[PDB]
Amino acid sequence: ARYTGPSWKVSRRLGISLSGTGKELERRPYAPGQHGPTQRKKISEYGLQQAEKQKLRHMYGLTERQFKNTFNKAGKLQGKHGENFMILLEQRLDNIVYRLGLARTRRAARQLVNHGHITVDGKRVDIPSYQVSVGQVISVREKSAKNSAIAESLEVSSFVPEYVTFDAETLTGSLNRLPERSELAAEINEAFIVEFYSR
Amino acid sequence: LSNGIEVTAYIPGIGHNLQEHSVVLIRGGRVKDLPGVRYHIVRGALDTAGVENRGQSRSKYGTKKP
Amino acid sequence: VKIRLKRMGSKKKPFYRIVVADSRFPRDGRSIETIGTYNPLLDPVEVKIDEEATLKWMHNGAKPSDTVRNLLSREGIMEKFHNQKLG
RNA sequence: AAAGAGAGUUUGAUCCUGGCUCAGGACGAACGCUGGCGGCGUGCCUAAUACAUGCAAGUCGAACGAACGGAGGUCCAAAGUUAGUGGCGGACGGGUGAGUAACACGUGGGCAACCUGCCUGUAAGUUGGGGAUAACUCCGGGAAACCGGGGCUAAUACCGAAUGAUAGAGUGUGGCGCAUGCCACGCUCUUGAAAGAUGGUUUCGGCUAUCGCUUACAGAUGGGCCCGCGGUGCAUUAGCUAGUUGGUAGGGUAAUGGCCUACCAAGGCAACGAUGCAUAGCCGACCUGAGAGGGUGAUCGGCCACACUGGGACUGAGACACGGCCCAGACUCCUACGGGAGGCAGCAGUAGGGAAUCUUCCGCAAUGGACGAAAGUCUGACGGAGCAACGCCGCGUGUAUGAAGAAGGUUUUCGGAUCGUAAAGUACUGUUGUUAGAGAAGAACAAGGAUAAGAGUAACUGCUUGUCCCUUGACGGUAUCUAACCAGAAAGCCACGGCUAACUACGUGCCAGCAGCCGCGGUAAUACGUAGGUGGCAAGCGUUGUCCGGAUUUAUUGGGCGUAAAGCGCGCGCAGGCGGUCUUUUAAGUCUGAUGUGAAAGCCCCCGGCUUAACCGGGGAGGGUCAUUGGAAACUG
Ligand SMILES: [Mg+2]
Ligand SMILES: [Mg+2]
Ligand SMILES: [Mg+2]
Ligand SMILES: [Mg+2]
Ligand SMILES: [Mg+2]
Ligand SMILES: [Mg+2]
Ligand SMILES: [Mg+2]
Ligand SMILES: [Mg+2]
Ligand SMILES: [Mg+2]
Ligand SMILES: [Mg+2]
Ligand SMILES: [Mg+2]
Ligand SMILES: [Mg+2]
Ligand SMILES: [Mg+2]
Ligand SMILES: [Mg+2]
Ligand SMILES: [Mg+2]
Ligand SMILES: [Mg+2]
Ligand SMILES: [Mg+2]
Ligand SMILES: [Mg+2]
Ligand SMILES: [Mg+2]
Ligand SMILES: [Mg+2]
Ligand SMILES: [Mg+2]
Ligand SMILES: [Mg+2]
Ligand SMILES: [Mg+2]
Ligand SMILES: [Mg+2]
Ligand SMILES: [Mg+2]
Ligand SMILES: [Mg+2]
Ligand SMILES: [Mg+2]
Ligand SMILES: [Mg+2]
Ligand SMILES: [Mg+2]
Ligand SMILES: [Mg+2]
Ligand SMILES: [Mg+2]
Ligand SMILES: [Mg+2]
Ligand SMILES: [Mg+2]
Ligand SMILES: [Mg+2]
Ligand SMILES: [Mg+2]
Ligand SMILES: [Mg+2]
Ligand SMILES: [Mg+2]
Ligand SMILES: [Mg+2]
Ligand SMILES: [Mg+2]
Ligand SMILES: [Mg+2]
Ligand SMILES: [Mg+2]
Ligand SMILES: [Mg+2]
Ligand SMILES: [Mg+2]
Ligand SMILES: [Mg+2]
Ligand SMILES: [Mg+2]
Ligand SMILES: [Mg+2]
Ligand SMILES: [Mg+2]
Ligand SMILES: [Mg+2]
Ligand SMILES: [Mg+2]
Ligand SMILES: [Mg+2]
Ligand SMILES: [Mg+2]
Ligand SMILES: [Mg+2]
Ligand SMILES: [Mg+2]
Ligand SMILES: [Mg+2]
Ligand SMILES: [Mg+2]
Ligand SMILES: [Mg+2]
Ligand SMILES: [Mg+2]
Ligand SMILES: [Mg+2]
Ligand SMILES: [Mg+2]
Ligand SMILES: [Mg+2]
Ligand SMILES: [Mg+2]
Ligand SMILES: [Mg+2]
Ligand SMILES: [Mg+2]
Ligand SMILES: [Mg+2]
Ligand SMILES: [Mg+2]
Ligand SMILES: [Mg+2]
Ligand SMILES: [Mg+2]
Ligand SMILES: [Mg+2]
Ligand SMILES: [Mg+2]
Ligand SMILES: [Mg+2]
Ligand SMILES: [Mg+2]
Ligand SMILES: [Mg+2]
Ligand SMILES: [Mg+2]
Ligand SMILES: [Mg+2]
Ligand SMILES: [Mg+2]
Ligand SMILES: [Mg+2]
Ligand SMILES: [Mg+2]
Ligand SMILES: [Mg+2]
Ligand SMILES: [Mg+2]
Ligand SMILES: [Mg+2]
Ligand SMILES: [Mg+2]
Ligand SMILES: [Mg+2]
Ligand SMILES: [Mg+2]
Ligand SMILES: [Mg+2]
Ligand SMILES: [Mg+2]
Ligand SMILES: [Mg+2]
Ligand SMILES: [Mg+2]
Ligand SMILES: [Mg+2]
Ligand SMILES: [Mg+2]
């Protein structure tokens with residue numbers, strides 16, 4: 001991926017349990033390093049905006065320049081800026097693979113997309129940043145097929161969001177309709193990232 | 001300089017291997033401490049040498065990775 | 001005055017414009033009036049042409065090239081030009 | 001629909017004014033540390049400095065000079081597929097930005113004041129003669145570029161003749177305009193043309209097909225000239241000019257014009273900036289900005305100028321001509337000392353200047369050029385390959401699990417915390433990579449053979465169109481695809497007191513040093529060096545140089561002049577700016593409709609094509625105090 005370091009470190013510093021359910025924050029919820037269990041300090045507006053940017057960036061696991069380019073392209077759309085930015089972030093192939101049950105984290109989905117183990121409309125895709133559209137399907141092209149990892153991922157995969165429909169008999173998933181901000185993270189404040197990029 | 005300009009430059013870093021009639025590479029940037037000095041010297045781009053025993057800010061002072 | 005074929009696009013990916021221009025001008029330089037498109041990469045060739053300004057230029061003395069002649073023949077401009085000359 | 005962020009710094013503390021500095025974006029960039037790959041682009045910004053070496057413009061035997069098989073005479077050999085004169089092209093294509101402040105460029109017009117090879121169409125004609133000349137061969141001068149003389153011969157080479165002007169004059173008729181003048185037609189006289197070559201048929205004479213040549217008329221194309229408006233600094237640059245200003249005649253050019261000449265009068269331009277000095281190619285456009293504006297002219301497209309410096313002309317439809325000619329000048333080279341040759345701001349490449357920029361590569365396969373009837377030749381245009389993290393976009397260095405927590409660093413209030421699920425273990429994959437194989441598009445053709453139908457013909461041959469048969473790849477075994485192995489072969493830079501995200505210990509002690517500013521360093525340093533930790537970015541990260549923003553810090557949008565910088569000491573007044581009330585009239589300003597135009601590429605919107613993106617394609621929109629013209633009359637005139 002972009003970054004192969006420890007995953008509990010970034011979540012502990014950020015304050016939220018991204019890519020999991022509190023299991024990274026079960027113990028010592030303070031920031032990493034030797035400082036953070038000792039004391040804290042004040043937070044300014046710049047700190048809050050940077051924190052929200054990090055929330056998004058390390059939640060979706062994509063680099064900074066591509067993040068800003070996606071924000072700029074989302075600005076081209078019509079509607080509220082942050083909502084469009086988030087919903088275009090939700091169009092990522094990695095996000096669809098992860099939330100569809102074929103994996104468990106963002107890293108697993110990214111690697112499983114890099115090797116081409118999935119396919120859209122019978123076309124092998126090695127691009128994690130591929131933007132899925134309405135009616136596009138996914139599959140496994142019988143590469144992993146009877147693989148232990150995908151079976152385990154489908155076992156422990158919570159549930160499926162209502163904006164995507166997936167059946168496990170043929171491992172087929174497709175976007176029902178466009179997701180809304182209502183069915184999204186909501187641990188973040190999307191109103192601050194636009195201001196942060198506005199300075 | 002290349003245009004015959006009397007230019008007073010500053011030597012950064014700890015220690016240097018500079019002397020008279022030596023080729024030096026002058027770079028922009030003035031220091032407020034000296035009333036006349038207005039330019040810096042790049043370390044490691046010409047006859048000028050780097051700085052020994054440097055671990056931090058190694059890109060400047062012209063020291064390679066140890 | 002020739003109804004020429006101008007090349008643009010990208011490396012190893014050419015696309016062509018059927019355009020009329022003078023023989024003394026650069027291939028990608030000054031021209032008079034573009035009339036069509038020509039795409040070679042697709043196995044079935046997609047050629048769009050006005051078929052009305054082309055006949056006017058042919059009447060006025062615009063000699064085409066070999067491939068432009070082939071395209072006008074396949075699209076029927078040459079046969080209609082012969083019919084107009086007869087009629 | 002669009003619609004603008006601030007912080008530090010003068011004081012013992014304040015509030016204003018004001019400057020300085022910083023937080024962002026962009027480069028044809030450079031330097032330092034570092035460095036895995038793929039796609040698309042860019043690369044002498046300085047010396048328009050000087051140039052080794054090779055290649056960049058040649059082509060036509062259908063107008064006049066080859067070896068073989070081989071008629072003929074065991075021996076030599078006749079006819080059958082290959083230099084130059086002549087025609088076309090060299091004025092295109094390609095490169096630089098020196099010069100130029102002007103009709104050079106942008107935009108919009110005018111030419112009743114113009115030209116134009118090749119291309120297309122039409123109307124007529126291609127009828128008869130002559131004298132030569134290269135090539136070739138002898139005689140000489142020759143160091144050599146090469147010079148002269150004698151003899152000989154062709155043509156689509158050259159020069160007269162028959163005939164033919166919408167060319168000159170003279171006239172008439174009719175219709176007309178924007179003053180000069182334009183158009184249709186008629187009459188008399190005087191001048192101006194040609195060339196043939198490859199076939200077919202016929203009788204062989206003839207006739208005929210294709211390509212050719214002469215004249216005239218239109219179209220298309222490319223140029224020429226004139227004009228309104230528009231885009232820089234200095235007034236510590238105020239007068240400049242004399243073929244200048246106008247006229248009368250003339251010469252010259254494709255054309256108007258002091259473009260040039262003789263004569264006549266003394267004019268003309270200028271504070272609405274003449275003249276002069278300095279810098280600079282212009283535009284579409286690029287960077288920034290909320291916008292108005294500000295800066296620039298990298299890549300690409302259009303126009304202009306130049307080709308070692310300065311001047312000139314010939315040939316040609318088109319040149320005062322990059323790889324053509326003559327003269328002078330500087331430089332390089334050869335010489336037998338009399339004299340000769342050269343011009344990379346063409347593609348590669350060398351030396352020098354620089355902080356700084358690439359191979360002395362492949363091919364005409366595709367597109368386009370020149371020649372030819374065609375095959376075909378040439379094409380450093382162009383299509384491609386090589387180098388440089390120079391820029392944009394894309395992907396990787398693994399993934400899940402793994403503990404009160406391996407081992408060991410950093411600290412410890414020496415109980416512990418921290419690196420940290422990070423490790424080992426555990427289960428899995430091969431995007432990259434290695435090994436072995438299958439492997440495209442870009443290709444349309446041109447020509448050649450059959451056809452079918454037309455025009456033309458007495459008939460053909462041929463011509464135009466349509467349908468088939470056969471042939472053509474530098475890239476290149478390239479993209480791509482298929483299988484086996486592998487967590488192994490792949491992470492660095494800057495920063496951490498505030499501006500601004502992120503702290504502990506040790507060493508040093510106004511020293512070493514840091515620094516954009518506030519300023520830190522004199523023994524308890526979160527600012528100096530190192531170690532641990534943390535933050536940002538990522539095959540990149542920092543520093544410097546230039547531009548815009550922040551800067552309302554030239555304020556039209558959008559500031560001011562009592563005391564902070566800022567009201568002339570006052571008056572009279574030319575030019576200029578502004579102007580009480582009402583009516584009628586005009587449409588200069590103002591507002592609006594229609595026509596033409598503001599090239600392509602670029603920004604923007606919608607669709608698509610490359611596995612996505614960058615990138616590419618289609619359509620649309622935007623942009624003017626623009627020309628023609630029709631409207632309204634409140635306001636300014
Ligand atoms: Mg430092
Ligand atoms: Mg062709
Ligand atoms: Mg918008
Ligand atoms: Mg500051
Ligand atoms: Mg900004
Ligand atoms: Mg570098
Ligand atoms: Mg290195
Ligand atoms: Mg790359
Ligand atoms: Mg240059
Ligand atoms: Mg010859
Ligand atoms: Mg040119
Ligand atoms: Mg230029
Ligand atoms: Mg004769
Ligand atoms: Mg003779
Ligand atoms: Mg003779
Ligand atoms: Mg006559
Ligand atoms: Mg007559
Ligand atoms: Mg008129
Ligand atoms: Mg007559
Ligand atoms: Mg005659
Ligand atoms: Mg012919
Ligand atoms: Mg001929
Ligand atoms: Mg302009
Ligand atoms: Mg300008
Ligand atoms: Mg005259
Ligand atoms: Mg200049
Ligand atoms: Mg650009
Ligand atoms: Mg502004
Ligand atoms: Mg530019
Ligand atoms: Mg250039
Ligand atoms: Mg240009
Ligand atoms: Mg030159
Ligand atoms: Mg030179
Ligand atoms: Mg002439
Ligand atoms: Mg030339
Ligand atoms: Mg040359
Ligand atoms: Mg060159
Ligand atoms: Mg050199
Ligand atoms: Mg070619
Ligand atoms: Mg060709
Ligand atoms: Mg050649
Ligand atoms: Mg080239
Ligand atoms: Mg090329
Ligand atoms: Mg470079
Ligand atoms: Mg790059
Ligand atoms: Mg990248
Ligand atoms: Mg590794
Ligand atoms: Mg591992
Ligand atoms: Mg693991
Ligand atoms: Mg210890
Ligand atoms: Mg791990
Ligand atoms: Mg093997
Ligand atoms: Mg093979
Ligand atoms: Mg292979
Ligand atoms: Mg035929
Ligand atoms: Mg045929
Ligand atoms: Mg066929
Ligand atoms: Mg055949
Ligand atoms: Mg064949
Ligand atoms: Mg060919
Ligand atoms: Mg080959
Ligand atoms: Mg090969
Ligand atoms: Mg391959
Ligand atoms: Mg194997
Ligand atoms: Mg092995
Ligand atoms: Mg391997
Ligand atoms: Mg393995
Ligand atoms: Mg590994
Ligand atoms: Mg690496
Ligand atoms: Mg320090
Ligand atoms: Mg460290
Ligand atoms: Mg770090
Ligand atoms: Mg301003
Ligand atoms: Mg003020
Ligand atoms: Mg006042
Ligand atoms: Mg005062
Ligand atoms: Mg007063
Ligand atoms: Mg005063
Ligand atoms: Mg007064
Ligand atoms: Mg007045
Ligand atoms: Mg009034
Ligand atoms: Mg346009
Ligand atoms: Mg372009
Ligand atoms: Mg697409
Ligand atoms: Mg584009
Ligand atoms: Mg487009
Ligand atoms: Mg378009
Ligand atoms: Mg628009
Ligand atoms: Mg009135």
# chains A, B, ... in the order shown; residues from 1 in each chain; ligands from 1
$ interface_residues --of "chain A" --to "chain D" --cutoff "9 Å" --atoms "only C-alpha atoms (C1' of nucleotides)" --output "ChimeraX atom specification"
/A:1-2,4-9,32-35,37,46-47,50,64,104,107-108,111-116,123-131,144,147-149,198-199
$ residues_around --residues "residue 45 of chain B" --least-positions-apart "3" --cutoff "7 Å" --atoms "only C-alpha atoms (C1' of nucleotides)" --output "ChimeraX atom specification"
/B:25,42,48
$ select_by_dssp --residues "chain C" --states "strand (DSSP E or B)" --output "list in words"
residues 2, 3, 4, 5, 6, 7, 8, 9, 10, 13, 14, 15, 16, 17, 18, 19, 20, 21, 33, 34, 35, 36, 37, 38, 39, 46, 47, 48 and 49 of chain C
$ interface_residues --of "chain D" --to "chain C" --cutoff "6 Å" --atoms "only C-alpha atoms (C1' of nucleotides)" --output "list in words"
residues 92, 119, 120, 220, 368, 441, 444, 465 and 616 of chain D
$ write_last_selection --atoms "N, CA, C and O atoms (P, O5', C5', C4', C3', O3' and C1' of nucleotides)" --output "PDB file, in the first residue's frame"
ATOM      1  P     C D  92       9.716  29.528 -49.009  1.00  0.00           P
ATOM      2  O5'   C D  92       9.014  28.109 -49.182  1.00  0.00           O
ATOM      3  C5'   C D  92       7.655  28.009 -49.583  1.00  0.00           C
ATOM      4  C4'   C D  92       7.210  26.571 -49.653  1.00  0.00           C
ATOM      5  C3'   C D  92       7.376  25.766 -48.375  1.00  0.00           C
ATOM      6  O3'   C D  92       6.330  25.981 -47.443  1.00  0.00           O
ATOM      7  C1'   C D  92       8.232  24.527 -50.195  1.00  0.00           C
ATOM      8  P     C D 119      -1.817  21.485 -64.007  1.00  0.00           P
ATOM      9  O5'   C D 119      -2.817  21.734 -62.793  1.00  0.00           O
ATOM     10  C5'   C D 119      -2.841  20.860 -61.674  1.00  0.00           C
ATOM     11  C4'   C D 119      -4.108  21.024 -60.874  1.00  0.00           C
ATOM     12  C3'   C D 119      -5.388  21.130 -61.685  1.00  0.00           C
ATOM     13  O3'   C D 119      -5.874  19.870 -62.112  1.00  0.00           O
ATOM     14  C1'   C D 119      -5.362  22.817 -60.030  1.00  0.00           C
ATOM     15  P     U D 120      -6.531  19.711 -63.568  1.00  0.00           P
ATOM     16  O5'   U D 120      -7.992  20.324 -63.398  1.00  0.00           O
ATOM     17  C5'   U D 120      -8.893  19.799 -62.435  1.00  0.00           C
ATOM     18  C4'   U D 120     -10.182  20.582 -62.403  1.00  0.00           C
ATOM     19  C3'   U D 120     -10.800  20.892 -63.756  1.00  0.00           C
ATOM     20  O3'   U D 120     -11.540  19.802 -64.277  1.00  0.00           O
ATOM     21  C1'   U D 120     -10.808  22.840 -62.408  1.00  0.00           C
ATOM     22  P     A D 220     -14.118  31.866 -56.142  1.00  0.00           P
ATOM     23  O5'   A D 220     -13.011  30.811 -55.700  1.00  0.00           O
ATOM     24  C5'   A D 220     -13.376  29.519 -55.236  1.00  0.00           C
ATOM     25  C4'   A D 220     -12.189  28.593 -55.199  1.00  0.00           C
ATOM     26  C3'   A D 220     -10.957  29.128 -54.487  1.00  0.00           C
ATOM     27  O3'   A D 220     -11.031  29.006 -53.077  1.00  0.00           O
ATOM     28  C1'   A D 220     -10.314  28.233 -56.565  1.00  0.00           C
ATOM     29  P     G D 368      -1.740  11.739 -47.277  1.00  0.00           P
ATOM     30  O5'   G D 368      -0.676  12.924 -47.340  1.00  0.00           O
ATOM     31  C5'   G D 368      -0.955  14.170 -46.721  1.00  0.00           C
ATOM     32  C4'   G D 368       0.252  15.073 -46.660  1.00  0.00           C
ATOM     33  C3'   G D 368       0.942  15.363 -47.977  1.00  0.00           C
ATOM     34  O3'   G D 368       0.244  16.312 -48.759  1.00  0.00           O
ATOM     35  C1'   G D 368       2.558  14.963 -46.295  1.00  0.00           C
ATOM     36  P     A D 441      -2.229  -6.831 -37.185  1.00  0.00           P
ATOM     37  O5'   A D 441      -3.115  -5.525 -36.986  1.00  0.00           O
ATOM     38  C5'   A D 441      -4.459  -5.622 -36.543  1.00  0.00           C
ATOM     39  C4'   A D 441      -4.905  -4.347 -35.880  1.00  0.00           C
ATOM     40  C3'   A D 441      -4.436  -3.067 -36.549  1.00  0.00           C
ATOM     41  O3'   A D 441      -5.243  -2.706 -37.653  1.00  0.00           O
ATOM     42  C1'   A D 441      -4.054  -2.924 -34.225  1.00  0.00           C
ATOM     43  P     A D 444      -6.878  -1.961 -43.588  1.00  0.00           P
ATOM     44  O5'   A D 444      -7.231  -0.680 -44.466  1.00  0.00           O
ATOM     45  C5'   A D 444      -7.068  -0.694 -45.876  1.00  0.00           C
ATOM     46  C4'   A D 444      -7.011   0.704 -46.436  1.00  0.00           C
ATOM     47  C3'   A D 444      -6.715   0.814 -47.924  1.00  0.00           C
ATOM     48  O3'   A D 444      -7.860   0.612 -48.735  1.00  0.00           O
ATOM     49  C1'   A D 444      -5.359   2.342 -46.725  1.00  0.00           C
ATOM     50  P     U D 465     -12.466   7.654 -61.301  1.00  0.00           P
ATOM     51  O5'   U D 465     -13.845   6.907 -61.021  1.00  0.00           O
ATOM     52  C5'   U D 465     -15.005   7.634 -60.644  1.00  0.00           C
ATOM     53  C4'   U D 465     -16.249   6.788 -60.746  1.00  0.00           C
ATOM     54  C3'   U D 465     -16.224   5.473 -59.985  1.00  0.00           C
ATOM     55  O3'   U D 465     -16.502   5.627 -58.606  1.00  0.00           O
ATOM     56  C1'   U D 465     -17.042   5.101 -62.169  1.00  0.00           C
ATOM     57  P     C D 616      -3.870  15.661 -24.970  1.00  0.00           P
ATOM     58  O5'   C D 616      -4.716  14.668 -25.884  1.00  0.00           O
ATOM     59  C5'   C D 616      -4.066  13.809 -26.808  1.00  0.00           C
ATOM     60  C4'   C D 616      -5.022  12.822 -27.431  1.00  0.00           C
ATOM     61  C3'   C D 616      -6.284  13.394 -28.065  1.00  0.00           C
ATOM     62  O3'   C D 616      -6.088  13.944 -29.363  1.00  0.00           O
ATOM     63  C1'   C D 616      -6.861  11.562 -26.700  1.00  0.00           C
TER      64        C D 616
END
$ residues_near_ligand --ligand "ligand 35" --cutoff "7 Å" --atoms "only C-alpha atoms (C1' of nucleotides) and all ligand atoms" --output "PDB file with C-alpha atoms (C1' of nucleotides), in the first residue's frame"
ATOM      1  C1'   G D  90      15.416  24.433 -55.538  1.00  0.00           C
ATOM      2  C1'   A D 321      16.968  34.047 -52.721  1.00  0.00           C
ATOM      3  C1'   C D 322      19.851  29.586 -45.316  1.00  0.00           C
ATOM      4  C1'   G D 323      22.497  24.757 -47.979  1.00  0.00           C
TER       5        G D 323
END
$ closest_residue --among "B:22, B:34, B:27, B:46" --to "chain D" --atoms "only C-alpha atoms (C1' of nucleotides)"
B:27
$ residues_around --residues "residue 498 of chain D" --least-positions-apart "6" --cutoff "10 Å" --atoms "only C-alpha atoms (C1' of nucleotides)" --output "PDB file with N, CA and C atoms (P, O5', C5', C4', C3', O3' and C1' of nucleotides), in the first residue's frame"
ATOM      1  P     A D   7      -4.784  38.215  13.163  1.00  0.00           P
ATOM      2  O5'   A D   7      -3.320  37.590  13.232  1.00  0.00           O
ATOM      3  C5'   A D   7      -3.073  36.381  13.935  1.00  0.00           C
ATOM      4  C4'   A D   7      -1.609  36.014  13.916  1.00  0.00           C
ATOM      5  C3'   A D   7      -0.651  37.044  14.495  1.00  0.00           C
ATOM      6  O3'   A D   7      -0.577  37.009  15.909  1.00  0.00           O
ATOM      7  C1'   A D   7       0.173  36.294  12.420  1.00  0.00           C
ATOM      8  P     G D   8      -0.145  38.325  16.725  1.00  0.00           P
ATOM      9  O5'   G D   8       1.421  38.457  16.456  1.00  0.00           O
ATOM     10  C5'   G D   8       2.336  37.499  16.970  1.00  0.00           C
ATOM     11  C4'   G D   8       3.757  37.820  16.577  1.00  0.00           C
ATOM     12  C3'   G D   8       4.260  39.204  16.954  1.00  0.00           C
ATOM     13  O3'   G D   8       4.681  39.286  18.305  1.00  0.00           O
ATOM     14  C1'   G D   8       4.839  38.734  14.709  1.00  0.00           C
ATOM     15  P     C D 518      13.662  40.617  14.696  1.00  0.00           P
ATOM     16  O5'   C D 518      12.650  40.086  15.804  1.00  0.00           O
ATOM     17  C5'   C D 518      11.514  40.849  16.183  1.00  0.00           C
ATOM     18  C4'   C D 518      10.685  40.117  17.206  1.00  0.00           C
ATOM     19  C3'   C D 518      11.418  39.691  18.469  1.00  0.00           C
ATOM     20  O3'   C D 518      11.529  40.734  19.420  1.00  0.00           O
ATOM     21  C1'   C D 518      10.144  37.877  17.636  1.00  0.00           C
TER      22        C D 518
END
$ atom_distance --atom1 "atom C1' of residue 513 of chain D" --atom2 "atom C1' of residue 529 of chain D"
9.0 Å
$ atom_distance --atom1 "atom 1 (Mg, counted along the ligand's line) of ligand 4" --atom2 "atom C1' of residue 548 of chain D"
20.2 Å
$ residues_around --residues "residue 310 of chain D" --least-positions-apart "5" --cutoff "12 Å" --atoms "only C-alpha atoms (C1' of nucleotides)" --output "PDB file with N, CA, C and O atoms (P, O5', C5', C4', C3', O3' and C1' of nucleotides), in the first residue's frame"
ATOM      1  P     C D 327      33.689  38.936 -57.506  1.00  0.00           P
ATOM      2  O5'   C D 327      33.441  40.351 -56.817  1.00  0.00           O
ATOM      3  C5'   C D 327      33.672  41.561 -57.523  1.00  0.00           C
ATOM      4  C4'   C D 327      33.444  42.769 -56.649  1.00  0.00           C
ATOM      5  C3'   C D 327      34.193  42.792 -55.325  1.00  0.00           C
ATOM      6  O3'   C D 327      35.539  43.212 -55.459  1.00  0.00           O
ATOM      7  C1'   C D 327      31.936  43.401 -54.968  1.00  0.00           C
ATOM      8  P     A D 328      36.656  42.684 -54.432  1.00  0.00           P
ATOM      9  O5'   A D 328      36.372  43.497 -53.090  1.00  0.00           O
ATOM     10  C5'   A D 328      36.598  44.898 -53.024  1.00  0.00           C
ATOM     11  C4'   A D 328      35.999  45.505 -51.778  1.00  0.00           C
ATOM     12  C3'   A D 328      36.478  44.939 -50.450  1.00  0.00           C
ATOM     13  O3'   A D 328      37.731  45.457 -50.043  1.00  0.00           O
ATOM     14  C1'   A D 328      34.126  45.133 -50.420  1.00  0.00           C
ATOM     15  P     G D 329      38.722  44.564 -49.149  1.00  0.00           P
ATOM     16  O5'   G D 329      37.952  44.385 -47.766  1.00  0.00           O
ATOM     17  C5'   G D 329      37.789  45.481 -46.878  1.00  0.00           C
ATOM     18  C4'   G D 329      37.080  45.076 -45.608  1.00  0.00           C
ATOM     19  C3'   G D 329      37.692  43.923 -44.832  1.00  0.00           C
ATOM     20  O3'   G D 329      38.801  44.315 -44.042  1.00  0.00           O
ATOM     21  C1'   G D 329      35.351  43.626 -44.985  1.00  0.00           C
TER      22        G D 329
END
$ residues_near_ligand --ligand "ligand 44" --cutoff "7 Å" --atoms "only C-alpha atoms (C1' of nucleotides) and all ligand atoms" --output "PyMOL selection string"
chain D and resi 43+357+388+390
$ atom_distance --atom1 "atom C1' of residue 223 of chain D" --atom2 "atom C1' of residue 369 of chain D"
21.3 Å
$ residues_near_ligand --ligand "ligand 57" --cutoff "10 Å" --atoms "only C-alpha atoms (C1' of nucleotides) and all ligand atoms" --output "list in words"
residues 468, 469 and 470 of chain D
$ write_last_selection --atoms "N, CA, C and O atoms (P, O5', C5', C4', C3', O3' and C1' of nucleotides)" --output "PDB file, in the first residue's frame"
ATOM      1  P     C D 468     -15.818  -5.965 -53.596  1.00  0.00           P
ATOM      2  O5'   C D 468     -15.601  -7.518 -53.862  1.00  0.00           O
ATOM      3  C5'   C D 468     -14.301  -8.079 -53.852  1.00  0.00           C
ATOM      4  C4'   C D 468     -14.088  -8.991 -55.032  1.00  0.00           C
ATOM      5  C3'   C D 468     -12.680  -9.537 -55.188  1.00  0.00           C
ATOM      6  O3'   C D 468     -12.435 -10.652 -54.353  1.00  0.00           O
ATOM      7  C1'   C D 468     -13.431  -8.707 -57.266  1.00  0.00           C
ATOM      8  P     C D 469     -11.201 -10.629 -53.327  1.00  0.00           P
ATOM      9  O5'   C D 469     -10.010 -11.273 -54.163  1.00  0.00           O
ATOM     10  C5'   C D 469     -10.209 -12.462 -54.912  1.00  0.00           C
ATOM     11  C4'   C D 469      -9.071 -12.698 -55.869  1.00  0.00           C
ATOM     12  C3'   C D 469      -7.689 -12.379 -55.326  1.00  0.00           C
ATOM     13  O3'   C D 469      -7.155 -13.433 -54.544  1.00  0.00           O
ATOM     14  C1'   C D 469      -7.939 -11.412 -57.472  1.00  0.00           C
ATOM     15  P     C D 470      -6.436 -13.118 -53.142  1.00  0.00           P
ATOM     16  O5'   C D 470      -4.968 -12.666 -53.559  1.00  0.00           O
ATOM     17  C5'   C D 470      -4.149 -13.494 -54.371  1.00  0.00           C
ATOM     18  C4'   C D 470      -2.914 -12.757 -54.824  1.00  0.00           C
ATOM     19  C3'   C D 470      -2.211 -11.941 -53.750  1.00  0.00           C
ATOM     20  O3'   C D 470      -1.353 -12.723 -52.940  1.00  0.00           O
ATOM     21  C1'   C D 470      -2.488 -10.616 -55.685  1.00  0.00           C
TER      22        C D 470
END
